[PDB]
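S.K.: Sharing a structure, written as structure tokens. Questions coming.
Just so you know, all these numbers are worked out from the coordinates, no wet-lab data involved. Positions of Cβ are backbone-derived with ideal geometry, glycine not excepted, and every protein chain shown enters the neighbour counts.
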Amino acid sequence: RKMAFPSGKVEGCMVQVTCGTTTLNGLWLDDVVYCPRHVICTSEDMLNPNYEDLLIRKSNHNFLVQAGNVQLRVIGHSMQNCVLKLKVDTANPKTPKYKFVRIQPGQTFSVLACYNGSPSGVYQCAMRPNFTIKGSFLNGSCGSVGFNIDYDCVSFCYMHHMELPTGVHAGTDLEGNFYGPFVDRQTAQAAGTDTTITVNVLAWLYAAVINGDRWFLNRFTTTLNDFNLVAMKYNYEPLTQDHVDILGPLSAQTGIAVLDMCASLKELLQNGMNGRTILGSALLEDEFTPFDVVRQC
Amino acid sequence: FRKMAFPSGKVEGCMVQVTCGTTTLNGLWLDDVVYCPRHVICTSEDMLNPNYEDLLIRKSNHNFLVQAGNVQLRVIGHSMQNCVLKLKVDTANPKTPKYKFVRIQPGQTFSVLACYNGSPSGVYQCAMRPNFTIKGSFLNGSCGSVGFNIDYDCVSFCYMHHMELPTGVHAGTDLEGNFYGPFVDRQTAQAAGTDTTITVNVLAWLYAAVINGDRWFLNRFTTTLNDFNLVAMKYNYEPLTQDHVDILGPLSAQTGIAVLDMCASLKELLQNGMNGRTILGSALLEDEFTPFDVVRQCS
Ligand SMILES: *[C@@H](O)[C@H](C[C@@H]1CCNC1=O)NC(=O)[C@H](CC(C)C)NC(=O)O[C@@H](Cc1ccccc1)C1CCC(F)(F)CC1
Ligand SMILES: *[C@H](O)[C@H](C[C@@H]1CCNC1=O)NC(=O)[C@H](CC(C)C)NC(=O)O[C@@H](Cc1ccccc1)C1CCC(F)(F)CC1
């Protein structure tokens, strides 16, 4: 099943941020609140905002930050790329051990979707090769964050800013830099051609086998390069030797050599699933990493 | 449409571990009571077929190790209610949310916080199947993990995890210790009924497709509830109840499509197939999104 990290450590950091008639979510760590900078915009501003110009015209008191019932007083503000940093007079006692990371395409993370500073739901996402994410975000979800948890440490990797015409989503790392060629302006933006995350499809095929589902296997094999030629033809990402190494544990667990599973995937790509299903899906799933599969099986 | 779990923090604040001897599982700490599966009192060998009453008679408060993290919670009373143990502890959980215990119906969905040794590992959304199993992800040590819904501020606990069936699916109790389905907490082979498709949820999914502009399958006809139920059963679909018709009300009102007209549309899909088409980007009809899940995600 698609499993997210427990969201409690992040819930304790969500607040509401309002400027004018614009409300969204912020992330309160220690005495700083992080949020998308387009909170400072009006309707007119959003088409071609000059953010540095808009921000110098703002005072601390134009920012209304609420942690539940309690307003937090803003005593400082700065902008780092597409993120606004609001210094507040009080520290969050619920601040977890945390870091800010920038994730790579193909990696997965959990999203805590929030509205008006209140958590609504949690789900698992992957950073697509074209640097979009297939999220579930509505009006008011900006400032929702994505994260992974290791031991007691929350690694924040994503802050939500926008939806594209196709319905997929785009956002930034916590330094305010977009993933992908996108801009925080109210304009229709296309992404580059997406590709399928091959190492993740293979991991999920291994998961299907670990759960006793093996109709798709075969006795053929393939070289790494010959598989990569077919993959690219079908708009699948190439598989590196590191990807092969990272699948080792799953190969050992099942006794199916990585390149043998590549041969299975090749046959699926060339012939399709013939109305069949794998782990209940009519489509090859590519948003489980090898680590996700291992951690859960 | 994503499988979206509830935020898990209010439940994370209630997870503890319970150990008897070397048997450890998870428990749920609310106020000054810890709830857990009663088979914590079994040796691995007693699980073959345990006599729980006799096993518990030999137990005292001081045989139970309850820990929140590595901090011990002293047990001051114990009792067994059906298949759950209730351990009274000397500290009221400061993180107790507003809560209730509810018994869910097959087809309803809930979030599971999968825990090991009292530590949450992940959260995911589950549906109770019509045969009273869930298709969970649960490893050794996961028993006592709970399933829940959140309404406003209030956590409704509906599931506590006890066992895995030969087919890989999972079975458990409500928080009063009453199993869902015909299962018992004994380490013996037990078969679920053949499963069926959750009709009310497929209908919810068809309403969601309409809301998003995908409506090629809407037909000109209607049906009675009884005629629909008799046909649906021939395709291994669950019959609808009056409660199902009522919980489809909001989506019916939002789209202007009567419930029985949507049933007629589904009947046609069942009798004629998708004729090569797709709905919401899928050749398969999805049955693990409830009417509430649709509303919760679309609006
Ligand atoms: C929690 O204590 C644990 C969770 C199980 C273990 C793995 N996945 C799960 O969901 N529950 C049990 O171990 C449970 C205890 C009984 C007293 C109810 N027994 C159980 O789940 O048995 C199944 C899995 C298992 C196999 C081998 C060792 C331990 C557990 C068996 C599978 C085959 C069967 F169905 F025929 C009999 C039970
Ligand atoms: C922040 O909460 C919000 C989240 C969006 C809202 C819907 N789903 C989301 O994920 N982001 C924005 O409002 C963002 C603001 C810019 C200044 C960066 N704009 C945005 O996402 O625009 C898309 C969605 C939208 C539609 C209608 C009204 C408001 C927002 C548009 C999609 C259609 C388009 F491509 F033509 C233009 C952008």
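S.K.: Below 17 Å, Cα to Cα, which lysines can residue A:97 reach? Residues fewer than 8 away in the same chain don't count.
M.R.: The reachable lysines, counting only those whose Cα sits under 17 Å from residue A:97, are A:9.
S.K.: Between segment A:213-248 and segment B:110-186, how many Å separate their Cα centres?
M.R.: Taking the Cα centre of each part, segment A:213-248 and segment B:110-186 sit 36 Å apart.
S.K.: Return the inverse of the average 1/r over all pairs of distinct C-alpha atoms in chain B, which is the Kirkwood hydrodynamic radius, in Å to one decimal.
M.R.: Here the Kirkwood hydrodynamic radius works out to 20.7 Å.
S.K.: Sticking with this one: Which is the longest part of chain B that has none of the chymotrypsin sites (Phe, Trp or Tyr not before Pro) sitting in a DSSP loop with at most 13 other Cβ atoms within 10 Å?
M.R.: Free of exposed loop sites, the longest segment is B:1-151.
S.K.: Moving on. By how many nm would the segment from residue A:235 to residue A:223 lengthen if fully extended, with 0.36 nm per residue of separation less the alpha-carbon distance?
M.R.: 2.5 nm
S.K.: Please pull out the direction-averaged projected area of segment A:138-297, using the convex hull of its alpha-carbon atoms, in nm² to one decimal place.
M.R.: 11.6
S.K.: A further question on this structure: Please arrange A:118, A:264, B:252 by how many other C-beta atoms lie within 10 Å of their C-beta, fewest to most.
M.R.: Ordered by Cβ neighbours within 10 Å, fewest first: A:118, B:252, A:264.
S.K.: Where in segment B:282-299 does the amide nitrogen come within less than 18 Å of the point 7 Å from the Cα of residue B:253, taken along Cα to Cβ?
M.R.: B:291-299
S.K.: Let me ask something additional. Just to be sure I understand the model, the point goes 7 Å from the Cα along the line to the Cβ. What's the resulting residue B:283 to residue A:85 distance in nm?
M.R.: 5.2
S.K.: Can you give the helix-only mean residue ellipticity at 222 nm for the protein assembly as shown, where every DSSP H stretch with n ≥ 4 adds -39500 (n - 2.57) and the sum goes over all residues, rounded to the nearest 500 deg cm²/dmol?
M.R.: -6000 deg cm²/dmol
S.K.: Please arrange B:220, B:215, B:277 by counting, for each residue, the other beta carbons lying within 10 Å of its beta carbon, fewest first.
M.R.: Going from sparsest to densest Cβ surroundings: B:220, B:277, B:215.
S.K.: Going through the cross-link list A:2/B:10; A:99/B:10; A:85/B:95, which pairs have a Cα-Cα distance over 28 Å in this structure?
M.R.: Beyond 28 Å between Cα atoms: A:85/B:95.
S.K.: Taking Cα centroids, how far is segment B:2-24 from segment A:18-55 in Å?
M.R.: Distance between centres, Cα-based: 37 Å.
S.K.: Can you sort B:186, A:37, B:103 by how many other beta carbons sit within 10 Å, fewest first?
M.R.: Least to most surrounded, the residues fall as B:103, B:186, A:37.
S.K.: Another question about this same structure. Projected onto the charge dipole of the protein assembly as shown (+1 at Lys/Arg Cβ, -1 at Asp/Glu Cβ, origin at the Cα centre), which of A:247, A:72, A:3 gives the Cα projection farthest towards the positive end?
M.R.: Of the options given, the answer is A:72.
S.K.: Stretch residue B:246-residue B:22 to full length: gain in nm at 0.36 nm per residue minus the Cα-Cα span?
M.R.: Residue separation times 0.36 nm, minus the Cα-Cα distance, leaves 75.8 nm.
S.K.: Same structure again: Apply 1/(1 + (r/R0)^6) to the Cβ-Cβ distance of residue B:31 and residue A:270, taking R0 = 41 Å, and write down the FRET efficiency to the nearest 0.05.
M.R.: Efficiency at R0 = 41 Å is approximately 0.10.
S.K.: Can you tell me the FRET efficiency between residue A:177 and residue A:55 if r is taken as the Cβ-Cβ distance and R0 is 22 Å, rounded to the nearest 0.05?
M.R.: Calculated value: 0.80.
S.K.: Given R₀ = 41 Å, what would the calculated FRET efficiency be for residue A:48 paired with residue B:212, taking r from the Cβ atoms and rounding to 0.05?
M.R.: Here the calculated transfer efficiency is 0.85.
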